[PDB]
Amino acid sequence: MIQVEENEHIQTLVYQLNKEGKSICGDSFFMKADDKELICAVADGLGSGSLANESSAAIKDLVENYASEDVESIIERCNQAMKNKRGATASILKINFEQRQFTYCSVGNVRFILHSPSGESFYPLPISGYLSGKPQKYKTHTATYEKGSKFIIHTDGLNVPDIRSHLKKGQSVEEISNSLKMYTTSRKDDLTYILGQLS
């Protein structure tokens, strides 16, 4: 599955593929862009089958419903929603276009990389654990981005030797997605990514 979107401030591409032969995807995503801001999230439910999907889908629904809140607040709602569920790893990104500012919060192994034309990268390390409903050691990042910056959020089904280099080389989200095709073919898991190129 691919979805492409564009407005004055961002071009995005979402890609999602189930593990081959698997009908029920355990990953979820949400994305909404308007003229002022972007919110997106990617989640990977623990375990297998419908129960993994239940966990990541609940995150998708909460991010959509609570999009207006700070990422810190949204991720806490998501944690609380994981009580009595499988749990999920998840990352949430909000971007304010006029300010060229982003805010990012994550628990678990969903990765985020933002590359700026100047060579500046933001590539935070994963926080261990997962959203479980138990207390978390949350870490939020707020930073400015420069025009031309490109980013990816991806689940652990995407196995790529050097993702920063793909963001640097590719000049559009389509080019970057095409350069990743050879790694999507070798997946052993559900694979979801969101690419963006910021004006």
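For clarity, a rigid core is taken as the largest C-alpha set superposing within 1.5 Å between two forms. Note that residue numbering follows the sequence shown and begins at 1.
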Query raised in the report: Which stretch is more displaced from the shown form in 5 other deposited structures of this protein, 43-51 or 139-147, with RMS over structures and residues of Cα positions after a rigid core fit?
Result: 43-51
Query - Higher C-alpha RMS shift from the shown form in 5 other deposited structures of this protein - 183-191 or 6-14, rigid core fit - result: 183-191
Report summary line: Ranked by mean Cα B-factor in the entry, 152-160 and 66-74, top stretch is 66-74
**Report entry** Higher-scoring stretch by recorded Cα B factor average, 178-186 or 17-25
**Finding:** 178-186
Query - Which of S165, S56, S50, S132 ranks first by CA B-factor in the deposited coordinates - result: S165
Query raised in the report: So among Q101, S116, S106, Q80, who wins on Cα B-factor in the entry?
Result: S116
Report task. Could you look up the Cα B-factor of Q197 in the entry and say which third of the chain it sits in: lowest, middle or highest? Result -> lowest
Report summary line: Chain-relative C-alpha B factor for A41 (record values, thirds): the lowest
Query raised in the report: If you rank every modelled residue in this chain by C-alpha B factor, which third holds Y145: lowest, middle or highest?
Result: middle
